[PDB]
Amino acid sequence: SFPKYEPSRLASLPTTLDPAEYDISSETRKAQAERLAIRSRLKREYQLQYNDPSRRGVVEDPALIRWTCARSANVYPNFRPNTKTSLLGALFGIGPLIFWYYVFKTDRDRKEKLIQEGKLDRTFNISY
Amino acid sequence: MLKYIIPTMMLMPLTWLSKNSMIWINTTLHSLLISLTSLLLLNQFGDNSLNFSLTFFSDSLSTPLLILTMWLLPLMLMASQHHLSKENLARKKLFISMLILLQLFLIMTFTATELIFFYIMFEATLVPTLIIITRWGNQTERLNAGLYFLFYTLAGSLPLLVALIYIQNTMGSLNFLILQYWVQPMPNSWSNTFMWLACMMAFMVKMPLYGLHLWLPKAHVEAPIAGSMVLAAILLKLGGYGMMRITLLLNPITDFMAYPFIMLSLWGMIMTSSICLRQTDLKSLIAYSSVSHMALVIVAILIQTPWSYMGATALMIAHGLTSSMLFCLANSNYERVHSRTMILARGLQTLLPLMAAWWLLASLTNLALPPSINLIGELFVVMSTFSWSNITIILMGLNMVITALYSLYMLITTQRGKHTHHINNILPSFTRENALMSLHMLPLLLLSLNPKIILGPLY
Amino acid sequence: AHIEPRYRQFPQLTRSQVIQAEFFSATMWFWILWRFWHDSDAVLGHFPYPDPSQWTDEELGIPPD
Amino acid sequence: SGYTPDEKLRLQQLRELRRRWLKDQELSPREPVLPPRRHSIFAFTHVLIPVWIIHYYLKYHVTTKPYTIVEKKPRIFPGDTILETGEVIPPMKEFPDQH
Amino acid sequence: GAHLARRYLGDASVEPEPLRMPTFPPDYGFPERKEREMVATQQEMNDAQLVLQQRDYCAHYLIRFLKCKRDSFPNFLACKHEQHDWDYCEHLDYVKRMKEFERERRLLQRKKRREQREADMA
Amino acid sequence: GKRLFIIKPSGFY
Amino acid sequence: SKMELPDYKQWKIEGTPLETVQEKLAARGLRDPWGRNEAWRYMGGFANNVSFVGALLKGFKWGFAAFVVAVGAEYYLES
Amino acid sequence: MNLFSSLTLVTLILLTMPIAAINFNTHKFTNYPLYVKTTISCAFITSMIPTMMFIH
Amino acid sequence: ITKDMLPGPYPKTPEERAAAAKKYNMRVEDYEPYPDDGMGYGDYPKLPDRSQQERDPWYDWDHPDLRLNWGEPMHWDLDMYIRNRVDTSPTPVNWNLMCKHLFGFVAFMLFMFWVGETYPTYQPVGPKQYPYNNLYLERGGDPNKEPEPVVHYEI
Amino acid sequence: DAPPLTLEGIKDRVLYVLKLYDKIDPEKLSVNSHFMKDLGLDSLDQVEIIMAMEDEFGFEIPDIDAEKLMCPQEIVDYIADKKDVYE
Amino acid sequence: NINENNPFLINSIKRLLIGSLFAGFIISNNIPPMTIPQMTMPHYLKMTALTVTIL
Amino acid sequence: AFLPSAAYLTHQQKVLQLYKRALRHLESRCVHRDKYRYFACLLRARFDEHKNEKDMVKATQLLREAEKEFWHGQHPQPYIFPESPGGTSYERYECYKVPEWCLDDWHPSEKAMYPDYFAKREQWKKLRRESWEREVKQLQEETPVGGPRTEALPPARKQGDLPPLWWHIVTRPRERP
Ligand SMILES: CCCCCCCCCCCCCCCCCC(=O)OC[C@H](COP(=O)([O-])OC[C@H](O)COP(=O)([O-])OC[C@H](COC(=O)CCCCCCCCCCCCCCCCC)OC(=O)CCCCCCCCCCCCCCCCC)OC(=O)CCCCCCCCCCCCCCCCC
Ligand SMILES: CCCCCCCCCCCCCCCCCC(=O)OC[C@H](COP(=O)([O-])OCC[N+](C)(C)C)OC(=O)CCCCCCCCCCCCCCCCC
Ligand SMILES: CCCCCCCCCCCCCCCCCC(=O)OC[C@H](COP(=O)(O)OCCN)OC(=O)CCCCCCCCCCCCCCCCC
Ligand SMILES: *C(=O)CCCCCCCCCCCCC
């Protein structure tokens, strides 16, 4: 009848087609009301400072500061060298270095061997 | 050069004897007078350099670096007087004295005729920079960043000391003018291999080389604004100046010793530029862009063609002006929002339109828009690396996409979109800030009219 | 007076836009018919494309062998 | 169903304050209180003086230097007469007339 | 465009390949065929600065047309007859190219009939 | 008539 | 200031394709409630809009008239 | 020669003059779009002369 | 901001997981960190990897262009899922069907351009014939040499 | 261009659309005529009325705001709030 | 609120209207010949673009 | 799903939102007004056929396959209103929506160009800064323990008082500045 929509990484499943949206249980109402309570407490704590006439400046968000501290400063203190990190750091670290080394060395050996035999047309080449 | 050394030294009693409301204005005035006098270095000849004495000389490489060095001190004084307004008076004078002392080390770094005096000034430039970062930096990490900045430089440069004294014993001299005429070919050996490494790795750290660049997005981020200006505008160029002096002595071994480092730069300018696509810290984004631009200067020195040296010195002067202006713009936001997070304060063209025009011009010179000298240096390095190998254009051109992409994303995140609602301390742009932007940008655009003075010894 | 907006009905028209629109439509059809009357070969064809089979073998130099 | 009376009362009060705000965005007729402050001049300042300047620059600084203005030499036909010399270009061969 | 079908869908050895043709001598079937005569002098179409595609066997009509077009400025519609003379002589040249294609087609059909008569005989 | 105020940043500086 | 809206009762769907819509909806037991809202699009000055070949031939009449005038003028002018 | 190249460069410099006008401003312009439109009308008229003497 | 509101190490004990969930202002049932393979995440939550375009565009957001509230934990790649960038919104056609259609269309067109290059169209004419030895001097041929005579005949 | 909206004009246009709707008689209708409690209209009819409002005034009302507009006066006041009338 | 009675709009579409009526004729009769135009072709081939456009 | 005051979507809300989305995507499919009007009545009949379903599991299942029907039969480029998200004029004027606090940053020689406006603005500022502590103590005496459950704000429960957290709703910029 109908083709089932297959969600991918760059195209997620719609809310209208997800089965877990149609849960009418009590515990999902618990989780949704608790998320509403946490979000309402965050909203209230925001706009009690946002609407303040005495405040003049930047409402500091601990979520944003926490995000930047995770993206920059917490990376090395929670690094553990193991199999996956060693293979990915040697695969994406020195793999391209080896690759471009052999490509550029091969191209320049071919070019120098053509030049010292008089084969490469270097006729009007006086800028280098 | 003693007509430039003695006024720079007389800036010390000029700043320690001034009245307390006068110590910025007098130093700014007389540093602008020294920078006006800095144009007398332009007595350059087609055959000979301008050789002042046994100790000092200046060719057309050191001359734009000297004019940029003597021009950057008034701009650092303008940039650093707002956030040090609440400072103690004696510490304020010590700050100005550290900047004066750093300029004094730099102008006889670039004019040192002899290479161990070059080394002594080149390593004397650590101490004011280290003191400025670790004393007047803002955050906690400035102590660690000062340690990284100190101990990458010294670990690279103490082999250079042994190498220069070895050249001193072998050739009899470290005069660059003598070593132009007594240079011997450096044959293939392991002795000459580690000779080449000891001559080059200190400047590879100073550029920075990719892989050795880890000091830079700490030391350029944990510093005050004058420290970031002098680091990214002058102190990254000590490495390129030192390589252009020292690769004279390293032939013909450089013709195969350069092959790993060229890869480390040709891939490095792909990686660090890509890092600028995903940076949250705006000052760190400018830092990784500095690594990306200096990778081209590393490649251009290591392929050692005339077009490459011309493009490398043009790109060093252009990147000095551009990156100094970008750090000053990031400080113009940081003095208002007190955070270096780039996603925090958005839509600033709605509030600061002329400052958004300065952001636009700095980002267009960042992405090497013709006919700026940014593009002149970029394009000439691209020409010379195409002559080196016809494949490298790919790694050039892909870089020239990503160099556009972070330069405008930085413009789109900071200046465009809807503004942040909870931030309401966005003052109008002070006359000092727009003055600083114009003193960065108007020399950079006027140099497009006459680029031959920033094209180096072999124009 | 400028044009007053109307509700759920056909709007007020100026005479000038009507006569200009009709004048340039008439100018288009005048120019099309004029250039089709005088050129007539940019559309239908300039020179007669000959049939190569109708050519004799003697002018093409074919000895019957 | 629709609103609750709490939401009705709040949105009514916000509507009243919003309309008062939008009314107080209007302009007084004295406002903006300002501080106290040749027919073909475009053809003279933007055309004729630039034609003067650019013709002076091209005539006495550009064409005084070699190869700065290089013009393609003029197309010569059979039957022409050279102005510098007076040499008549001879005509073509008579045509093997086709139609 | 039926010759595209006669070379592709049909047999290709009997259709002349336009890259390398004529494959036959120009006198094969011609007792004293005369040459094509160039009217415009090489120096004349050099001084007329004609494009190197326009320096064919009918460039003299183009030289007369361009001299008309220069000598009748700004009246840009006053040289329709010289343009028609040049277009008709280009048409005659295109007809001659068609005649060369047809001569090569009929000679390849002649070679087909020759080898078939030979193979039927011996 | 009914001219409305245009809120804009400080164009003085 | 005040804009006067017309009488709402004039937008009757008789004479419109909304009438044919109501015919086909009554043919299977339905009723269209929003027809009189849609009635102004099919009535008034928007009634009897041209076809595409009538849209192309806008100005063909006066254009062909001026064409015949100019052909007669150039035929009488050469003699 | 002296007409062709003159009006050639006058077209381009004429286009660059309203950029100097908008960069050297202090007042609110009396219809700067009309000024730029008049400038480009005149630049079109100016560029038609080397076009005509290229047709010639 | 203080240290125990900053991100820390990977939580293992359930009170540490609940303290992390309280720190990032989310439920313990919804707090899932990145799995401790040593990639440098720590206690940072693995938010469900959706774009910001997918959010409710009519909701009263604190940041309207970001579509992001105050104190809500940001995604690790929040600078990547901004609406200037990668959108993971659902598409009417399936992703794999889109990739197959685009790949097949481009491959078929390039195949048929190669086919038409192998079998080109042309006109039933001879070669264009040029005088003066196929224009020997006009194509830069040197006059001190002498080419072969190229002779064209009437037809 | 773009003539301004008034509460009298928005009221006249909203009631004009509701008078063109066959499930509402025009003499019972007022600005307080509740759709479910007075006019006796379905929730589907309320959704169609809000969609007719969208097609009338040329902008989209979100559904979380559409499901609370249960009288003509609240619709007129919502259009007043989203078009900022009586400046 | 359909209205187009501004002389800016009318003149600005009007000059490109005169261009779209006459500019191909004017330019293509003012340009010099730079190639040789193919003007001999069969009647299904001369009528290719017009018939395909009409279809 | 995601709502400011409601913690979920009821079955009735899901049915009405599906009905509106189906009519909008149908109007995108069925461009002409009589033809859309015909098919809109047919779709209204399809929605009315299962309106009286008291079995909630059957009704939720019918809602689910009706969503599948919708996701199959949607237009790839549906019509979006211009100021609606995804529209061609959406958030166009946000660069002209300068916030009101920037008027505090003006020079006095450009504040003196509009003396009535800023004299009328200072009483709004005074009104807000006297209303602030009253509405803070109103919020803390009405919010339950554990914080507010929903994002719904109360009105002013006295006379003369302003509603709590009112300044950025009232002093928001216009849609067409
Ligand atoms: C030796 C003497 C030399 C004399 C001539 C001068 C030579 C050039 C010098 C610099 C010129 C530009 C300076 C102004 C820009 C910075 C400030 C600014 O934005 O002001 C806006 C402001 C007007 O705006 P506003 O409405 O008031 O407020 C701004 C808005 O809020 C918001 O603003 P906005 O966004 O609306 O407007 C910004 C807009 C934004 O537009 C852009 O960003 C687009 C630009 C890029 C694309 C177009 C250009 C591409 C390149 C081609 C042009 C060069 C070659 C042309 C030749 C032919 C081809 C080879 O930019 C402009 O309008 C500027 C036009 C010129 C741009 C130049 C290129 C910059 C791009 C990056 C570098 C590329 C290479 C540069 C090569 C320079 C060669 C000289 O202008 C001024 O107030 C001007 C102040 C005075 C300027 C003095 C300039 C000279 C200073 C030198 C002093 C010492 C020497 C003595 C000479 C003195 C001459 C008077
Ligand atoms: C940035 C951090 C890394 C910095 C790297 C710096 C360069 C890397 C290599 C340095 C080697 C040491 C200096 C070499 C000086 C060469 C001068 C010379 O005369 O050479 C020829 C001489 C040759 O001897 P000779 O010249 O006296 O002999 C006479 C000549 N022949 C050979 C013909 C008989 O070389 C040497 O004597 C030894 C050279 C290699 C020394 C190895 C020991 C050092 C180990 C590596 C240290 C690396 C950096 C340490 C810091 C790391 C971070 C904390
Ligand atoms: C004759 C030969 C002809 C050959 C032709 C083909 C050659 C090129 C092959 C394909 C490469 C280019 C196309 C792929 C990248 C496209 C990126 C782009 O434009 O992204 C747009 C996207 C937003 O787009 P959209 O969602 O439509 O926005 C409207 C609603 N948001 O915006 C974003 O998501 C923001 C993205 C920002 C970061 C960009 C990351 C990707 C960078 C890619 C670099 C590619 C370098 C290629 C080098 C080639 C060298 C030869
Ligand atoms: C043989 O047919 C030679 C003509 C060129 C190849 C075929 C071109 C077919 C398409 C053009 C004519 C289309 C007529 C509707």
Side-chain angles (χ1 to χ4, degrees), chain B residues 1-12 15 27 30-41 52 55-77 79-80 95-133 149-150 153 157 176 202-203 205-207 219-220 223-246 290 294 297 313 316-317 319-321 323-324 327 454:
Chain B
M1 281 295 296
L2 194 59
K3 68 177 73 66
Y4 298 110
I5 294 167
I6 299 178
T8 307
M9 292 188 290
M10 289 304 292
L11 290 174
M12 295 287 184
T15 191
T27 55
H30 291 287
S31 57
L32 283 167
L33 294 177
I34 295 166
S35 181
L36 186 272
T37 315
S38 68
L39 297 169
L40 300 179
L41 297 163
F52 298 110
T55 311
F56 296 111
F57 88 110
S58 67
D59 56 353
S60 296
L61 175 58
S62 65
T63 300
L65 295 167
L66 287 161
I67 297 165
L68 185 64
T69 299
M70 285 180 271
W71 176 249
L72 194 66
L73 183 68
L75 275 67
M76 286 188 284
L77 295 172
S80 65
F95 181 80
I96 298 170
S97 296
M98 289 305 108
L99 291 177
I100 290 163
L101 185 65
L102 180 56
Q103 189 198 11
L104 182 63
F105 291 158
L106 285 167
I107 62 170
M108 56 189 172
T109 308
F110 292 117
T111 56
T113 308
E114 191 265 335
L115 292 176
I116 211 66
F117 185 69
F118 171 71
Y119 183 79
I120 288 171
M121 292 301 112
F122 172 75
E123 298 295 319
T125 55
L126 287 179
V127 181
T129 306
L130 176 68
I131 286 168
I132 285 164
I133 296 167
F149 171 70
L150 189 67
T153 295
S157 69
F176 186 76
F203 308 119
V205 173
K206 286 288 188 184
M207 282 305 293
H220 292 192
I225 181 60
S228 295
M229 290 169 75
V230 69
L231 276 162
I234 305 298
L235 296 176
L236 296 183
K237 282 79 184 177
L238 294 181
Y241 181 79
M243 287 181 190
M244 288 184 183
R245 301 300 188 189
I246 208 67
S290 296
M294 291 297 106
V297 181
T313 180
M316 283 189 287
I317 299 301
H319 179 266
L321 287 168
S323 68
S324 176
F327 280 113
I454 52 95

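All chains are named by letter (A, B, ...) in the order of the sequence lines, taking the proteins before the strands, and each is independently numbered beginning at 1. No hydrogens, no waters, no symmetry mates; every other heavy atom, side chains included, goes into these values.
- Rounding to the nearest 0.5 angstrom, the gap separating the NZ atom in B/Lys206 from the CG atom in B/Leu236 is 8.5 Å.
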Worksheet item: Passes side chain to side chain contact (heavy atoms under 4.5 Å, CB included), B/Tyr119 versus B/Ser157? Steps please.
Response: CA-CA 8 Å; B/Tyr119 183 79; B/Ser157 69; 3.2 Å; yes
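- Put simply, CG on B/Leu101 and CG on B/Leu11 are 11.5 Å apart, with the number rounded to the nearest 0.5 Å.
- The backbone N or O of B/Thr125 lies less than 3.5 Å from a partner atom in the side chain of B/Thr129, making a donor-acceptor pair.
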Worksheet entry | Derivation and outcome, side chain to side chain contact (heavy atoms under 4.5 Å, CB included), residues B/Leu75 and B/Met229 | CA-CA 9 Å; B/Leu75 275 67; B/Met229 290 169 75; 3.7 Å; yes
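- No side-chain donor-acceptor contact under 3.5 Å links B/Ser35 to the backbone of B/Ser31.
- Annotation: the span from B/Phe149 atom CZ to B/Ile133 atom CD1 amounts to 5.5 Å, rounded to 0.5 Å.
- Listed for the B/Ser228 side chain is no donor-acceptor partner under 3.5 Å among the backbone atoms of B/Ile225.
- With contacts defined as side-chain heavy-atom distances shorter than 4.5 Å, the pair B/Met70/B/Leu41 qualifies.
- Listed for the B/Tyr4 side chain is no donor-acceptor partner under 3.5 Å among the backbone atoms of B/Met108.
- Side-chain atoms of B/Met243 and B/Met207, non-hydrogen and from C-beta on, do get closer than 4.5 Å to each other.
- Within the 4.5 Å cutoff, side-chain heavy atoms of B/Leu235 are placed close to those of B/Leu106.
- Under the 3.5 Å distance criterion, the side-chain polar atoms of B/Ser323 are matched with a main-chain donor or acceptor of B/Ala232.
- Classification of the B/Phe122-B/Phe203 ring pair by plane angle, with boundaries at 30° and 60°, yields tilted.
- Nearest heavy atom pair, residue B/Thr153 against residue B/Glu123, reads CG2-OE1, 3.5 Å.
- By the 4.5 Å heavy-atom criterion applied to side chains, B/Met316 and B/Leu68 are not counted as neighbours.
- For the pair B/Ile317 and B/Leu65, the minimum side-chain heavy-atom distance is below 4.5 Å.
- Checking side-chain atoms of B/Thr113 against main-chain N and O of B/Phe57 turns up a donor-acceptor pair under 3.5 Å.
- Considering CG of B/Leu126 and CG of B/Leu102, their distance stands at 10.0 Å, rounded to 0.5 Å.
- A cation-pi arrangement is present between B/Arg245 and B/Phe176 under the rule of less than 6.0 angstrom and at most 45 degrees off the ring axis.
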Item to complete: Just do the side chain to side chain contact (heavy atoms under 4.5 Å, CB included) check on B/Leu66 and B/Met1 with the steps written out, would you?
Response: CA-CA 11 Å; B/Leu66 287 161; B/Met1 281 295 296; 4.1 Å; yes
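- Put simply, CZ on B/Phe105 and CD1 on B/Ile5 are 11.5 Å apart, with the number rounded to the nearest 0.5 Å.
- In this structure the side chain of B/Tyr241 reaches within 4.5 angstrom of the side chain of B/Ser62, judged on heavy atoms.
- Looking at heavy atoms from C-beta onward, B/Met121 lies out of side-chain contact with B/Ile107 at the 4.5 angstrom threshold.
- Across every non-hydrogen atom of B/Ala112 and B/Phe56, the tightest pair is N-CD2, 4.5 Å.
- For the atom pair CG of B/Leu231 and CG of B/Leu238, the computed distance is 10.0 Å after rounding to the nearest 0.5 Å.
- The only member of B/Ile100, B/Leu77, B/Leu99 that meets side-chain contact (heavy atoms from CB on, under 4.5 Å) when paired with B/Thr15 is B/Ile100.
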